[PDB]
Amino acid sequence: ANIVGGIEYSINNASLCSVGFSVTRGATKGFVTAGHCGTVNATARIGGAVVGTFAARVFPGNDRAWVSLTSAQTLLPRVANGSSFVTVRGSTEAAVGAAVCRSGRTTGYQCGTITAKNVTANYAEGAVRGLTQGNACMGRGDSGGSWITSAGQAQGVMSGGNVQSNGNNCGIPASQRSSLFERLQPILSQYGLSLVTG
């Protein structure tokens, strides 16, 4: 499969999440995603085929994971934006007030701005701390997907937020959305990964 930020993948033939970013760990290919999407060794499938397994994750506390892929996967430095693509150029962290977009299998590519950093989400499973908050909308299924600036600086992966009864926060004003992402920097250093760029 071609690995691109934002696309759908399933875990153990049950849950759906979105790919965050293609990365490598020495000769191993992989992608970063949300830790709540799977447990270590869960099987990831893309378009019905097995592409790899969860190699490590932390959730709750943090919300991060990486999936190691088979050699036959093609890693690409890109995030989906409809039929088009945003090129991944690096991981400079943007500041509060910067504009950012996110991509995932449920609401597609949505943009907004970063409104706060170091937020704690109190999930049923336990608190997740240190998340960055943006106001781009999102929905169930977007978890694990990419958060990137138009300039190509990868920011983090979708963790969670205030979904409404219709499964997303797109029907409420940006001023009322809380869409939280796990910062990418700590995930790359915690697992020794390098981002694929173009």
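One-based numbering along the sequence shown.
Visitor: Can you tell me whether 39 to 47 has a higher mean C-alpha B factor than 137 to 145 in this record, or the other way round?
Guide: The recorded data point to 39 to 47.
Visitor: Quick one: higher average CA temperature factor, 28 to 36 or 167 to 175?
Guide: Stretch with the greater average CA B-factor: 167 to 175.
Visitor: Among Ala99, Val79, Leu75, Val119, where is the Cα B factor highest in this entry?
Guide: The C-alpha B-factor peaks, among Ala99, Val79, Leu75, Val119, at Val119.
Visitor: From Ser189, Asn13, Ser18, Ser22, which pick has the Cα B-factor that tops the rest in the entry?
Guide: Going by the entry's C-alpha B-factors, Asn13 comes out highest.
Visitor: Ranking every modelled residue in this chain by its Cα temperature factor as given in the entry, which third contains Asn162?
Guide: CA B-factor rank for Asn162: middle third.
Visitor: Looking at the entry's B-factor column for C-alpha atoms only, identify whether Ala151 ranks in the lowest, middle or highest third of its chain.
Guide: Highest third - that is where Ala151 ends up once the chain's C-alpha B-factors are sorted.
Visitor: For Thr87, does the deposited CA B-factor place it in the lowest, middle or highest third of the chain?
Guide: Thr87: CA B-factor falls in the middle third of its chain.
Visitor: Classify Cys111 as lowest, middle or highest third according to the C-alpha B-factor given in the PDB entry, relative to its own chain.
Guide: Lowest third - that is where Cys111 ends up once the chain's C-alpha B-factors are sorted.
Visitor: Please rank the C-alpha B-factors of the chain's modelled residues and tell me whether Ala55 sits in the lowest, middle or highest third.
Guide: Its C-alpha B-factor, which the entry lists for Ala55, ranks in the middle third among residues of this chain.
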